[PDB]
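Before any comments, here is the structure.
Residue numbers (the working numbering), protein chains in the order written: chain A, 1 to 258; chain B, 259 to 1072; chain C, 1073 to 1371; chain D, 1372 to 1546.
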């Protein structure tokens, strides 16, 4: 007809082989078929095809792979970056493994890239800072935005005073919202001062899980259970959705939630 | 505090910034533990006598406090106090403790240890400090024995004693067993003891302690137990062998194997002792002893194809004769072949079937016996001729011999349908020990120089346990191998988030069989590197060797290839080639495509652990044959370990030394930039190794490699004894001392072997030396430690370089 | 001015003077030839591909059997026939230098090293010399006597490809795994020569192989298997002079014998293109080796 | 909430880990901020691992291989590929609409006109009267080849039930 999908797909591949056995017809047909955009079903079918032997549409494969977003594509794209030395595609791969959170070794390959072929700048500093590295580096280079990133490292670092400098920047430039929010959060963490904190949270965001935490933190900073309760339930629900999306990643993260 | 203090110790383990930060923070806040904290921050600073100062300061502080809640606070603080004593003790011991100060040092240790009631699993290591005091003492006794220019060394160690000191740390070593080191320091102190001596102090003390400790403790190292066979001084060592059979009696059939093996091998006097222990076995639950005896003996029965073994062996024997005129010497081996002939057509349709040929040959052999025993010539002809014809016939049979079955060979094997204890090396201490469903009489004859026939024997659990013939191989060596590998995997279990990264070496069990023999098994579904590769690459529809191809293409031979010639050659070929096929096998194995990822990490870590393992232990076996991986989601199989020492150092053929072996783009394309982080991960691991147990357990396993005839066999072979062959060659005397000052050499004899074995101890000394270099550490023109970053780096270079590496002949399979 | 080269093709033939057309029967076969050397009178010419030195007469046209010299086991890395051409230096891959003198062809020498003996050398006094292996510091060795060492180490790591001494009487120079060649200034001695290091100078920084001073040593040359070679002017500060045009090749031979005008080369390309040492050229570009070569000689 | 005050009196870990995981899954599954407040009240490495062990006890083997599956064949795997197809079809077949499998096997042998057949021996053995008819004909198809090992099973099915008289007659014919 019983209609069986998997039955078809492999069989469809056998047929695809028979076609592969001008098929310019097949060529364009399947091409546009890919262009159709269920999706991952036939996508994977194609993957199987390739696995037996190449169906081509190389960087097309790469593209549609990205389109899948499923991050298993990161393998296909790996093969892509496996082909040439594209520092761009390289970076893409870096962030890809970041998505994969296999990214430790990939960061190895990143430091390698800066070592092997030339080097990058932005994602370079960003990832090297994701690595324990880049810190004094981002410090000088910014001394030479990215400064907000170095500030994020300062948060990762100690020196809530350095964070107070970043806070001077916050007053200076106040996006400016998002920037200040995470930052001044870090500050209030370091700096027990409730006032700068007040400024912070005030400046934070309509949906602000961290500053929900801060909201309640302030309610607690003096008295009120109530607003704190609000923040509690609400942010609880937010993180609830978050985990609901989901270790193997989130264990630590959700653990942080709990 | 102790909360936030725990946060502080965390900070200590944690990187610098947080370390010093939280340090200062919490320091600012009986902060005796915080004393220890800031102290740790000082170790972070590294000020020697600042440390020592405040250390002794709080020491005397608490001394006054406790004289000689707040009470319990002081109990804990006491533990920490002694702890401190040891901590600073080691801290200075860095600079120190060769001879000298260590005495006092050790005292403090013991002092601290005396104060302990404790963390003293920590002070187990400090009881292992005291034991290492007994070591440095023994080393000082090794210093005295070296400069002595075994009652001599006995009295030497005595009279204080260092043995008196020793027995203390021995009982505390048992106490350490009680603490957890673990099996490592266990066996360590154990052999340390047996070798120490049997004297009255030692005798009584060890009697109590060993008596006071456990069995299953002693259960491990049982191979190393057997490694002691004939105790030169029966003494209390005799009684210790008694203790050996005693512990043995407990769950003997849980192993009992070593018994069987030692029985199989002829230890002579020690084989008589083996018969004694056999009696013990033939005593305790004697039935299982019998069944097992049957099992082992039946294995030994299977063995080689008998007449075939005799045939090939005699082929090499006549090779020996004809070449160089060995003759009678080789014919003495033929006499053993006659002894094999003297066994007659024993088995069923094997030697039985072999009768005719064998009978005829035997007649010819008898005909070869007669006139060669007359003087030479007639039967010197008849021998070579009959052996030639029989060589042809048996050559024909040998091809036909590819098939294997028990009933038509030694049906006695087939005769056993089931036996109580099978567990074919399963050997889980606690277990559901399995009986056997045995297997089909038909077996799989391996194809090799050994042609090491194999099967998988269905058990009571219905799980067929792959077994394999091993012709002239030390599974003991291998036993030790998986053992050290278990020390490894212990550290793995002992590991850090590396253990969250955890990858451990799967240890293929292999049963030893005979003095030269063994029982292997086919691993979990696997792909031999060379095999699998050759398959896929050929199934890639392309020349198996593009290597020998691009080679011969490049020039006539790599044999005469100079460093240059070989360099440019390897270069050009490399250019022509690439290893993406490997990565494409990954891609072939990739199914579900997350397999590509995961298994990439798998093989990555595989490579890592391998690297650590070898770089430690040598034994590269660059053969992609020797190389293997898993048909499962997979891990690398590095098996069949020849020995510690460099095959380079060994060789003879080719100069191959690298800590690892990496098919270039195989390794590379395996993940991203090849082993950038992967080998960096490896660096982390090997660093932990290089830290943790790098002293104690490392040296312990070293000692394992160190010592006697089976092990002395692997290590001899590590040279080999043939590479230990001739020289000037006295040490001083022995050349001119083999002169008319003889024949007493024939009357005395003995060493001989203590000379070679002294050299064994020498090579061992050098080995461990190379371990200390290896561990923590040094190598190359400079040393430092070089620690993680460097020792990893130079490792990586050693991996990177060179054609000199690639100069490995035919075994590199570049 | 007889001309020939030796390939991994295992067969060699003598190139004519300006023709470069190689005609002779010279068989490295059973092996390659490592170095290439004729006699002082160009009587016999000996080389070793593997483990045995083999002389085929330079004076006689394609004699197979000039001499056969057993020695320290390996392809002899380099060797020196003295002015005497009786006592003759030889260095082998064996790890220790054993010189085969021409005496019967009689060989007695022992010079130990920490690696394969890289080259057999001679000092301003032919009876004087030194030995620098693929290991490390040069070891001074005299003629049939008084030979132990004087250690000269250009580096603590890089393998020294050869011990290189031309006739100056003040000089030092070499080639190695470095690719940047460490050279020194020797004193005036038979052999004493306290070195006055010049520098490690990269012409081809990747594996500089053949290191040869010019005829007057006013120039200098470094050949590499990197297919990269750049001549220098040794007259002034070894100032880099002539990039040597070559295909992908291994040149263990870079020289100009009777010229210092036209530059003879060594190509793994199987055709050796000889340049003009003065500027550049292709001078009788060809080879006898079907596969390719690094080698050359002169007579 | 009970678990909450329990926590007030204790820490959990233990077997609850697995449960919690299920619960987590359940929380994920049943997510009303019921489950919200719940996991909120739930209140990692080691535990993770041990949980992977317990779940390894909870599920294993076939589903993995099923996810590894056919595609599996080709992985391990022309002639072969086609045969593998056959096997796949058969796999689903045994894996219901009976007559489907009937015609399946029919054209299966027809096309065969093997190993898989042996497996399919057992398949047919799995077994209304239509079954009997079709399968009888199928045996007649099997009359092409020679058991070997189909024989005993053949006898087995032949027993129950002993119409099919002609079928078995043909079995002996094929004997």
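C-beta: ideal position from N, C-alpha, C; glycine also.
Original post:
Grouping DSSP H, G and I as helix and E and B as strand, with all else coil, what is residue 645 of chain B?
Top reply: helix
**OP:** Could you check the C-alpha separation between residue 531 of chain B and residue 487 of chain B for me, to the nearest Å?
**Re:** 8 Å
Subject >> For residue 71 of chain A, the nearest candidate out of B/649, B/850, B/928 (CA to CA) >> reply: B/850
Original post:
Taking Cβ-Cβ distances shorter than 7 Å, what residues in chain B pair up with residue 1439 of chain D?
Top reply: 849, 850
Original post:
Which runs of the alpha helix (DSSP H) fall wholly inside the region 516 to 552 of chain B and span at least 4 residues, in chain order?
Top reply: 527 to 541
Original post:
Excluding the five sequence neighbours on either side, which residues of its own chain have a C-beta within less than 7 Å of the C-beta of residue 19 of chain A, listed in chain order?
Top reply: 26
Original post:
Would you say residue 1452 of chain D reaches chain A, if we count a Cβ-Cβ gap shorter than 8 Å as a contact?
Top reply: yes
Original post:
Under the rule that 16 or more other beta-carbon atoms within 10 Å means buried, what is residue 1079 of chain C, buried or exposed?
Top reply: buried
**OP:** Compare the C-beta of residue 1246 of chain C against all C-beta atoms of chain B and say whether one is closer than 8 Å.
**Re:** no
Subject >> Nearest residue (CA-CA) to residue 315 of chain B, options B/329, B/346, B/299 >> reply: B/346
**OP:** Measure the alpha-carbon distance for residue 1313 of chain C versus residue 914 of chain B and round it to whole angstroms.
**Re:** 40 Å
**OP:** With DSSP as the reference, label residue 451 of chain B as helix, strand or coil.
**Re:** helix
Subject >> Residues from the region 1403 to 1427 of chain D in contact with chain B, defined by Cβ distance under 7 Å >> reply: 1416
Original post:
By Cβ distance below 7 Å, which residues in the same chain neighbour residue 668 of chain B in space, the five residues on each side in sequence not counted?
Top reply: 559, 560, 605, 606, 608
Subject >> Paired residues, beta bridge with residue 1141 of chain C - DSSP >> reply: C/1125
**OP:** Reducing DSSP to helix, strand and coil, say where residue 1258 of chain C ends up.
**Re:** coil
Original post:
Quick one: is residue 751 of chain B near chain D, going by C-beta distance under 8 Å?
Top reply: no
Original post:
Along the chain, where does the alpha helix (DSSP H) that runs through residue 992 of chain B open and close?
Top reply: Unbroken run through residue 992 of chain B: none, as it is neither H nor E.
Original post:
Which parts of the region 204 to 252 of chain A are runs of the alpha helix (DSSP H), unbroken and 4 residues or longer, counting only runs that do not cross its ends?
Top reply: 209 to 221, 226 to 245
Original post:
How about residue 940 of chain B: is its C-beta nearer than 8 Å to some C-beta of chain C?
Top reply: no
Subject >> contact_flag[the region 141 to 160 of chain A, the region 111 to 119 of chain A] where n(CB pairs < 8 Å) is 3 or more >> reply: no
Original post:
Residues in the region 186 to 203 of chain A with C-beta within 9 Å of chain B's C-beta atoms, listed in sequence order?
Top reply: none
Original post:
Where does the unbroken beta strand (DSSP E) through residue 343 of chain B begin, and where does it stop?
Top reply: No beta strand (DSSP E) contains residue 343 of chain B, which is instead part of the alpha helix (DSSP H) from 328 to 351.
Original post:
Taking contact to mean at least 3 C-beta pairs separated by less than 8 Å, is the region 760 to 778 of chain B in contact with the region 739 to 746 of chain B?
Top reply: yes
Original post:
Can you tell which of B/523, B/437, B/922, B/965 has the C-alpha that lies nearest to the C-alpha of residue 1019 of chain B?
Top reply: B/965
**OP:** Output, in chain order, the set of chain C residues within a Cβ distance shorter than 9 Å of residue 822 of chain B.
**Re:** 1233, 1279, 1281, 1297, 1322, 1324, 1366
Original post:
Expressed to the nearest angstrom, what Euclidean distance is found between the alpha-carbon atoms of residue 660 of chain B and residue 704 of chain B?
Top reply: 8 Å
Original post:
If you count every other CB in all the chains shown that lies within 10 Å of the CB of residue 791 of chain B, and 16 or more means buried, which is it?
Top reply: buried
Original post:
For the region 1030 to 1048 of chain B, which residues have a beta carbon sitting closer than 8 Å to at least one beta carbon of chain C?
Top reply: 1039
Subject >> Near-chain B residues of the region 148 to 181 of chain A - C-beta to any C-beta below 7 Å >> reply: 157, 158
Subject >> Start and end residues, alpha helix (DSSP H) containing residue 142 of chain A >> reply: 135 to 143
**OP:** Note down, in chain order, each residue of its chain lying with its Cβ closer than 7 Å to the Cβ of residue 1524 of chain D, except the 5 sequence neighbours on either side.
**Re:** 1492, 1493, 1496
Original post:
For residue 251 of chain A, which option in D/1420, D/1466, D/1515 has the closest C-alpha, if you only look at C-alpha atoms?
Top reply: D/1420
Original post:
Is the beta carbon of residue 723 of chain B sitting closer than 8 Å to the one on residue 712 of chain B?
Top reply: no
Subject >> Distance between residue 433 of chain B and residue 338 of chain B (C-alpha atoms, nearest Å) >> reply: 19 Å
Original post:
If you draw a straight line from the alpha carbon of residue 1281 of chain C to that of residue 1316 of chain C, how long is it in whole angstroms?
Top reply: 13 Å
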